[PDB]
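Report on the structure given below.
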Amino acid sequence: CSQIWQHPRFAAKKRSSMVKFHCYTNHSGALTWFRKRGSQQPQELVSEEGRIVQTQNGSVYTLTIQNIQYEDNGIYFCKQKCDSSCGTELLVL
Ligand SMILES: N[C@@H](CCC(=O)N[C@@H](CS)C(=O)NCC(=O)O)C(=O)O
Ligand SMILES: [Mg+2]
């Protein structure tokens with residue numbers, strides 16, 4: 001990873017299960033999660049009525065994806081929320 005570290009780097013989960021990813025950096029500023037499918041443009045994650053939740057646990061930013069399904073396949077990464085690259089791959093089994 002670069003200036004932003006993510007854990008895990010790979011997760012494989014059966015449909016309907018839950019996953020939690022974590023990211024942090026040594027700089028100040030909130031991080032926000034994005035999802036990338038293939039080489040497409042990254043898109044900011046939306047809550048989907050609480051199915052996908054971003055929280056902050058001190059210095060660590062956590063993404064929780066519940067009831068995992070096909071649309072969740074992809075590469076997840078954190079970026080500085082407001083800004084004056086490693087990722088986490090999710091494979092749905
Ligand atoms: N409370 C706002 C956050 C606003 C904010 O911090 N905006 C940043 C950009 S990410 C900024 O510097 N905006 C400059 C301005 O409003 O003049 C929200 O959740 O939308
Ligand atoms: Mg990979």
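We name chains A, B, ... following the order of the structure tokens; residues begin at 1 in each chain, and ligands are numbered from 1 as shown.
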
Would you kindly return, as a short mmCIF file (atom, residue, chain, number, x, y, z; two decimals) with N, CA and C atoms, in the first residue's frame, each protein, DNA or RNA residue with an atom no farther than 8 Å from any atom of residue 53 of chain A, considering only C-alpha atoms and excluding same-chain residues fewer than 3 positions away?
data_model
loop_
_atom_site.label_atom_id
_atom_site.label_comp_id
_atom_site.auth_asym_id
_atom_site.auth_seq_id
_atom_site.Cartn_x
_atom_site.Cartn_y
_atom_site.Cartn_z
N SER A 47 -25.42 4.09 0.80
CA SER A 47 -25.79 3.27 1.96
C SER A 47 -26.68 2.08 1.56
N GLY A 50 -28.78 1.23 4.59
CA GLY A 50 -28.06 0.63 5.71
C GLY A 50 -27.36 -0.69 5.42
N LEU A 63 -15.65 -0.16 6.53
CA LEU A 63 -16.77 -0.37 5.63
C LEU A 63 -17.40 -1.69 5.99
N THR A 64 -18.70 -1.69 6.24
CA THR A 64 -19.43 -2.91 6.49
C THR A 64 -20.41 -3.15 5.37
N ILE A 65 -20.29 -4.31 4.72
CA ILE A 65 -21.24 -4.70 3.68
C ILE A 65 -22.03 -5.90 4.18
#

Original post:
Hey, which residues come within 12 Å of ligand 1 if we count only C-alpha atoms and all ligand atoms? Could you give them as JSON, numbers by chain?
Top reply: {"A": [29, 30, 31, 32, 79, 80, 81, 82, 83, 84]}

Those selected residues, please, written with C-alpha atoms and delivered as an mmCIF file, in the first residue's frame.
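Everything below was put into result_37.cif:
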data_model
loop_
_atom_site.group_PDB
_atom_site.id
_atom_site.type_symbol
_atom_site.label_atom_id
_atom_site.label_comp_id
_atom_site.auth_asym_id
_atom_site.auth_seq_id
_atom_site.Cartn_x
_atom_site.Cartn_y
_atom_site.Cartn_z
ATOM 1 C CA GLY A 29 -8.477 13.926 7.100
ATOM 2 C CA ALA A 30 -11.435 11.600 6.783
ATOM 3 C CA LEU A 31 -11.321 8.754 4.299
ATOM 4 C CA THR A 32 -14.263 7.643 2.207
ATOM 5 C CA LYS A 79 -9.533 8.070 -0.739
ATOM 6 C CA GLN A 80 -9.145 11.347 1.155
ATOM 7 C CA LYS A 81 -12.667 12.772 1.537
ATOM 8 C CA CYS A 82 -11.562 16.326 0.815
ATOM 9 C CA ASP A 83 -8.246 16.623 -0.982
ATOM 10 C CA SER A 84 -6.408 19.859 -1.732
#

Original post:
Within 10 Å of ligand 2, counting only C-alpha atoms and all ligand atoms, which protein or nucleic acid residues do you find, written as a list in words?
Top reply: residues 9, 10, 11, 74, 75, 87, 88, 89, 90 and 91 of chain A

**OP:** Skip segment 4-8 of chain A itself and residues of its chain fewer than 4 positions away, then list as a list in words all residues within 8 Å of it, counting only C-alpha atoms.
**Re:**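 Once the adjacent positions are removed, what remains is residues 21, 22, 23, 24, 25, 26, 77, 78, 79, 85, 86, 87 and 88 of chain A.
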
Atoms kept (N, CA, C and O atoms) for selection, written as an mmCIF file, in the first residue's frame:
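Result file is out.cif:
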data_model
loop_
_atom_site.group_PDB
_atom_site.id
_atom_site.type_symbol
_atom_site.label_atom_id
_atom_site.label_comp_id
_atom_site.auth_asym_id
_atom_site.auth_seq_id
_atom_site.Cartn_x
_atom_site.Cartn_y
_atom_site.Cartn_z
ATOM 1 N N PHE A 21 -14.227 -4.220 5.971
ATOM 2 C CA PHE A 21 -12.910 -3.827 5.486
ATOM 3 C C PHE A 21 -12.472 -2.627 6.303
ATOM 4 O O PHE A 21 -13.317 -1.861 6.754
ATOM 5 N N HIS A 22 -11.162 -2.381 6.374
ATOM 6 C CA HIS A 22 -10.651 -1.268 7.178
ATOM 7 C C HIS A 22 -9.559 -0.525 6.432
ATOM 8 O O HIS A 22 -8.798 -1.136 5.698
ATOM 9 N N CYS A 23 -9.502 0.793 6.600
ATOM 10 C CA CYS A 23 -8.410 1.567 6.011
ATOM 11 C C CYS A 23 -7.962 2.666 6.960
ATOM 12 O O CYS A 23 -8.743 3.157 7.782
ATOM 13 N N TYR A 24 -6.703 3.052 6.837
ATOM 14 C CA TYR A 24 -6.190 4.152 7.646
ATOM 15 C C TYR A 24 -5.032 4.827 6.928
ATOM 16 O O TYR A 24 -4.462 4.274 5.986
ATOM 17 N N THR A 25 -4.685 6.024 7.380
ATOM 18 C CA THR A 25 -3.559 6.731 6.803
ATOM 19 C C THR A 25 -2.819 7.468 7.916
ATOM 20 O O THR A 25 -3.316 7.561 9.038
ATOM 21 N N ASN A 26 -1.618 7.955 7.604
ATOM 22 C CA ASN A 26 -0.826 8.704 8.582
ATOM 23 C C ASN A 26 -1.032 10.212 8.481
ATOM 24 O O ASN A 26 -0.439 10.972 9.238
ATOM 25 N N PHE A 77 -11.601 0.753 -2.334
ATOM 26 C CA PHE A 77 -10.495 1.561 -1.855
ATOM 27 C C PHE A 77 -10.978 2.829 -1.173
ATOM 28 O O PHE A 77 -12.083 3.321 -1.440
ATOM 29 N N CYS A 78 -10.146 3.305 -0.253
ATOM 30 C CA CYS A 78 -10.348 4.579 0.438
ATOM 31 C C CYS A 78 -9.576 5.690 -0.224
ATOM 32 O O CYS A 78 -8.441 5.490 -0.674
ATOM 33 N N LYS A 79 -10.188 6.871 -0.248
ATOM 34 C CA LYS A 79 -9.533 8.070 -0.739
ATOM 35 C C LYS A 79 -9.793 9.185 0.275
ATOM 36 O O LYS A 79 -10.779 9.138 1.011
ATOM 37 N N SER A 85 -1.634 3.248 -5.097
ATOM 38 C CA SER A 85 -2.958 3.037 -4.530
ATOM 39 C C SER A 85 -3.266 1.544 -4.461
ATOM 40 O O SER A 85 -3.329 0.865 -5.487
ATOM 41 N N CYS A 86 -3.422 1.036 -3.243
ATOM 42 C CA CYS A 86 -3.778 -0.357 -3.038
ATOM 43 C C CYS A 86 -5.284 -0.488 -2.856
ATOM 44 O O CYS A 86 -5.975 0.491 -2.595
ATOM 45 N N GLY A 87 -5.796 -1.692 -3.050
ATOM 46 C CA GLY A 87 -7.226 -1.920 -2.938
ATOM 47 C C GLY A 87 -7.540 -3.207 -2.206
ATOM 48 O O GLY A 87 -6.644 -3.994 -1.875
ATOM 49 N N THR A 88 -8.826 -3.429 -1.979
ATOM 50 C CA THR A 88 -9.316 -4.646 -1.361
ATOM 51 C C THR A 88 -10.328 -5.291 -2.303
ATOM 52 O O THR A 88 -11.324 -4.675 -2.664
#

**OP:** Compile the contact shell of residue 44 of chain A as a VMD selection string: residues with an atom at most 7 Å away, counting only C-alpha atoms, same-chain residues fewer than 3 positions apart removed.
**Re:** chain A and resid 33 to 35

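Atom CA of residue 14 of chain A is positioned 16.4 Å from atom CA of residue 52 of chain A.
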